[PDB]
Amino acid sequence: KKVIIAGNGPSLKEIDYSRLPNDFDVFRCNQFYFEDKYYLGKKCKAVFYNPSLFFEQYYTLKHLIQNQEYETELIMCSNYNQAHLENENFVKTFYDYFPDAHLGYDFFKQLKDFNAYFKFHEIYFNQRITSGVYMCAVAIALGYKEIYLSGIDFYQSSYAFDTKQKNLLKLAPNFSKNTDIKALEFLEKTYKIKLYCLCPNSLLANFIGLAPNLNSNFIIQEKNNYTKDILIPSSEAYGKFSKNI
């Protein structure tokens, strides 16, 4: 079946909606909820978060669902089983702290040839795929055959929204393209799936062919008084989770 995978680059705001497939699931990641409109609707099949902020993102996502801003069926942590990248205890105890979520690596590792591809480039050449590509690998492992890409701009404005929000900055004060492109080519060739681009003005469209025009319609709902920053758990909550950070 068919999936739309969305990064959070500026092209998220410039999807050509006549090229949307007839039916589909949606994958989102990281600060997706910062978007000022529902560019791909409220309903997610899966959302993906990095280990470094998973504790805060899970808490924030439960707020989004309760407040009827989004829904999702799956919740994934984008990990790799690498000591230099992730806390060992966090991975070991994951299913006991977050019983309705999944370690993304449990799916990523089912693609042996791609896992090998990723590890060689990360360890020896310091070349790492982004979340956009990570989500593609997980979709392929779950059985999707046609993947439609949006919001992937290779960092050239940084984002489809203003990302410099108070709480996020408190947690992460920090707030090439070859790596992602070669990885997508490998996935397509190795696993016999099809990639499409939904964003004609994106740099991605230079490398990946456009989804065909099907005269599809889509209503873009605007958002108001919405959650536009990550939420920060209590000091007692951090105390309980402190081995895993």
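When you see a residue number, it is the position in the sequence shown, counting from 1.
- Gap between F175 and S176: 10 or more deposited residues without coordinates.
- Gap check for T93 to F94: zero deposited residues are absent from the model.
- The PDB entry records a higher mean C-alpha B factor for 201-209 than for its counterpart among 201-209 and 40-48.
- A summary of the deposited B-factors shows that, of 114-122 and 163-171, the stretch with the larger mean C-alpha value is 163-171.
- Ranked against the other modelled residues of its chain, the C-alpha B-factor of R28 as given in the entry falls in the lowest third.
- In the deposited entry, the Cα temperature factor of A6 places it in the lowest third of its chain's modelled residues.
- When the modelled residues of the chain are ordered by C-alpha B-factor, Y155 sits in the highest third.
- Among all modelled residues in its chain, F218 ranks in the highest third by Cα B-factor.
- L53: CA B factor lies in the lowest third for its chain, per the PDB record.
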